[PDB]
2 protein chains.
Amino acid sequence: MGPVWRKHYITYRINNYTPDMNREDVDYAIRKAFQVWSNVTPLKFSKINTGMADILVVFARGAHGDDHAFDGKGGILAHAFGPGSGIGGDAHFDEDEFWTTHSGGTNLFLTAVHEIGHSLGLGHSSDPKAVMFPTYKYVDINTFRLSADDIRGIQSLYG
Amino acid sequence: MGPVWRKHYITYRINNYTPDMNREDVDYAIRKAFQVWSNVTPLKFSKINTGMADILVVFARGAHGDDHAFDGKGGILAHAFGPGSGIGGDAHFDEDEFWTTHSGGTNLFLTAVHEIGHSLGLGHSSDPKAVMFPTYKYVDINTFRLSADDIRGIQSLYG
Ligand SMILES: CC(C)[C@H](C(=O)O)N(CCNC(=O)c1cccc(C(=O)NCCN([C@@H](C(=O)O)C(C)C)S(=O)(=O)c2ccc(-c3ccccc3)cc2)c1)S(=O)(=O)c1ccc(-c2ccccc2)cc1
Ligand SMILES: [Ca+2]
Ligand SMILES: [Ca+2]
Ligand SMILES: [Ca+2]
Ligand SMILES: [Ca+2]
Ligand SMILES: [Ca+2]
Ligand SMILES: [Ca+2]
Ligand SMILES: [Zn+2]
Ligand SMILES: [Zn+2]
Ligand SMILES: [Zn+2]
Ligand SMILES: [Zn+2]
């Protein structure tokens, strides 16, 4: 593990799918979440369906083999490991939440943007309107934009 | 590691009342939340009516004059200032949340326990069992107990 990915070409794989959403909507939410970050960095993300990916996206509940157990519905929503091999980079989403394309649950796209930020080495922001602020609030995903603080943060890590 | 209150007799006043629950239930939630901390320290909390209360409890929404704006329903729930004169110690609750006596919305008692922790000088815990863990999840308020970590934390400040 370290502060940054030591390469700019980073693969991801969707390990399994939440039954809360259509699989194609999960694929789209995750693809768009990676795009948020590739839009403002030299990082390039590719989805793979076979083989070992850098960032594994997982839906799981309770204790799921990483010593950071999820806690049922509410509370912790998701977590991600910083850059590194193996579990490094991986992003886990609590299946006990109800994942949604928009609101009426926990929005997958917004949560994935936040978690991928961690996967890339970004920590939390103290600006409530940054996506890296450590609280979830739904915003219209159609008009979602990274805050200037988020852009500054990720560009500071990847020149 | 501080600041801490340099006294053991600490006063509070409830400035205003959320319309989400009856006033008696607000008074009770706040009283019980102070008692949680009193039960494990030599601190004594008293409710007063006058203008120099140590800890003022206030419900407010949006930007409310202290450079720490609330954010509507969702996201931020409340915040509190650490020990100090004036606004120091004060605890503010986001009125755009729906404050409850039991399991739905956001439970006022539990949130008040957490915020009073901050008012007394405690920071966040990484232990998910601790009330000072920085994520809200409802637990049955009749089985609620401070974690060993919370007790160690507050006793390290006040004995
Ligand atoms: C580290 C992980 C476990 C994970 C993560 O960040 O990936 N989580 C974070 C866990 N929290 C932290 O690691 C952390 C670390 C340092 C500081 C903070 C923090 O200050 N958070 C805000 C705290 N709040 C106030 C307060 O603590 O008084 C204040 C500082 C603004 S609060 O209003 O949100 C709050 C108030 C009361 C309580 C509370 C706790 C116990 C009982 C009753 C109430 C909890 C939070 C949080 S999370 O909760 O599962 C999570 C949160 C947000 C998102 C997200 C999704 C989409 C878009 C944007 C964000 C995804 C996942
Ligand atoms: Ca959860
Ligand atoms: Ca990995
Ligand atoms: Ca689910
Ligand atoms: Ca709020
Ligand atoms: Ca005060
Ligand atoms: Ca309210
Ligand atoms: Zn995990
Ligand atoms: Zn986070
Ligand atoms: Zn305030
Ligand atoms: Zn807190």
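Numbers restart at 1 for each chain; the letters A, B, ... are given by sequence-line order, proteins then strands. Start at 1 and go down the list; that is how both ligands and their atoms are numbered.
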Vertex the Ca ion (ligand 2), ends A:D94/OD2 and A:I76/O: angle to nearest 10° comes to 90°
Does the B:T11 side chain pair with the main chain of B:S46, one donor and one acceptor, at a distance under 3.5 Å?
no
- request: Examine the side chains of B:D25 and B:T101 and answer whether a donor and an acceptor come within less than 3.5 Å of each other.
  value: no
Checklist line | Under 3.0 Å: N/O/S of A:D96 next to the Ca ion (ligand 2) | finding: no
By salt bridge (charged side-chain N to carboxylate O under 4.0 Å, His left out), A:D96 pairs with (sequence neighbours left out) A:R61
For the Ca ion (ligand 2), angle spanned by A:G74 O and A:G72 O (nearest 10°) is 90°
Can you tell me if B:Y17 and B:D27 form a side-chain donor-acceptor pair at under 3.5 Å?
yes
Answer key: the N, O or S atom of A:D71 nearest to the Ca ion (ligand 2) is OD1
In A:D54, the N/O/S atom nearest the Ca ion (ligand 3) carries the name O
Taking the Ca ion (ligand 3) as the apex, A:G86 O and A:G88 O span an angle, rounded to 10°, of 90°
For A:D90, the N, O or S atom at the shortest distance from the Ca ion (ligand 3) is OD1
More than 12 heavy atoms from other groups under 6.0 Å of NZ on A:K129: no
- Query: Given the side-chain rings of A:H92 and A:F81, with only the six-membered ring counted for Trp, is the space between their centroids under 6.0 Å?
  - Reply: yes
Between A:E97 atom O and A:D20 atom OD1, the angle centred on the Ca ion (ligand 4) rounds (to 10°) to 120°
